[PDB]
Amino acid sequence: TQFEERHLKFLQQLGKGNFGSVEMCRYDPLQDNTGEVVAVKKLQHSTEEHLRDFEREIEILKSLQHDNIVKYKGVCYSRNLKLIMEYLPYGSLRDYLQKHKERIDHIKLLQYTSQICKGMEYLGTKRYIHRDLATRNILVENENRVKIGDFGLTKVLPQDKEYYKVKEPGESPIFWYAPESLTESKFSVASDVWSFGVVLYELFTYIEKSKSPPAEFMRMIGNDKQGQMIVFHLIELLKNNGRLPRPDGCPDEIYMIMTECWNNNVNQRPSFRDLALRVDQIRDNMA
């Protein structure tokens, strides 16, 4: 609908990142405070590589229309490009799950899981590879709806290939990465499935600080290991079928879903459509 910088009133900071930054604003063109509250994503330090990446990210979100995918509202130019999205009042599923640990049961976690699978299958249909599935990137609309909230690392597959090779300079979410993503930089629907199992793990730990994928893996590798060595030993751990433990209270049938996503053989990993059916079958049994 095109947003004018002069009417985007800053309210607060919703989140930070190395390349991104998200603010809570009020788009009030009438200056009568009847304007809608929106989320604004801006580049922390704008370069030409980050800018071109951001324009590719804006087109990715503009092209996505799904109930479990954050709504795109528009852009805000000067040059200093800003992505306008809908405001989701409850924030990340990461922070929400901690605050309502006591209030969110396994049945409800499976509702969220199911929704994540639906949104992820929608992405696959468009040949988009998320490359950063983590509960931190899932946003809460209300108690009964979560949406995939960021697409900063999302890449479109080549027409001819089923993977995409990319080595982005800087810090990667290595503890959510499939082995082939760590060793060969190959990103596919199957590496997204691996990362999904880490999301499902995250949920069932209720984001307990000590139980996080980095903390659990660093414990397995050794807290003495530093720098480029962490990636090396993680590769070796995953190769020797070293895996995240079953979260406390997690039923064996949910942990099985996790371990199946964490297959070293890319081809024997489940599909998002099969993951959805299983999660829904388990939900229906619990109900």
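Whichever C-alpha set is largest while still superposing within 1.5 Å between the two forms counts as the rigid core. The numbering used is simple: start at 1 and walk along the sequence shown.
Participant: If the other structures are each fit on the rigid core, which stretch ends up farther away in C-alpha terms in 7 other deposited structures of this protein, 95-103 or 109-117?
Facilitator: Result of the core-fitted comparison in 7 other deposited structures of this protein: 95-103 deviates more.
Participant: Kindly name the stretch, out of 45-53 and 231-239, whose CA atoms are displaced more from this form in 7 other deposited structures of this protein after the core superposition?
Facilitator: It is 45-53 that deviates more in 7 other deposited structures of this protein.
Participant: Would you please confirm whether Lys147 lacks atomic coordinates in a third or more of the other entries that were compared?
Facilitator: Negative; every one of those entries includes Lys147.
Participant: Counting only other entries that model residues on either side of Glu168, is it left out in at least a third?
Facilitator: Looking at the other entries that model residues on either side of it, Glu168 is missing from at least a third.
Participant: Between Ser78 and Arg79, how many deposited residues lack coordinates (none, 1 to 3, 4 to 9, 10 or more)?
Facilitator: Per the record, 1 to 3 deposited residues are absent between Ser78 and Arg79.
Participant: Which is higher on mean Cα B factor in this entry, 143-151 or 209-217?
Facilitator: Averaging CA B-factors over each stretch, the winner is 209-217.
Participant: Quick one: higher average CA temperature factor, 27-35 or 225-233?
Facilitator: Mean B over CA atoms: larger for 225-233.
Participant: Highest Cα B-factor in the deposition, which of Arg273, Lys16, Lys9, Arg269?
Facilitator: Out of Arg273, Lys16, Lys9, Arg269, the record gives the largest C-alpha B-factor to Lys16.
Participant: Per the entry, which of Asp132, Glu168, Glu202, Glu86 tops the list for Cα B factor?
Facilitator: Comparing C-alpha B-factors across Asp132, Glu168, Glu202, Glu86, the maximum falls on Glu168.
Participant: Looking at the temperature factor on the CA atom of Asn241, which third of the chain's modelled residues does it land in?
Facilitator: Highest third of the chain for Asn241's C-alpha B-factor.
Participant: Relative to the other modelled residues of the same chain, rank the CA B-factor of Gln65 and answer lowest, middle or highest third.
Facilitator: For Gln65, the deposited C-alpha B-factor lands in the middle third.
Participant: Can you work out whether the C-alpha temperature factor of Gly74 puts it in the lowest, middle or highest third of the chain?
Facilitator: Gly74: CA B-factor falls in the middle third of its chain.
Participant: Going by what the PDB entry lists, where does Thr125 fall on CA B-factor within its chain: lowest, middle or highest third?
Facilitator: Middle third, going by the recorded CA B-factors of the chain.
Participant: Split the chain's modelled residues into thirds by Cα B-factor; is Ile257 in the lowest, middle or highest one?
Facilitator: For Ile257, whose C-alpha B-factor we compare with every modelled residue in the chain, the answer is the middle third.
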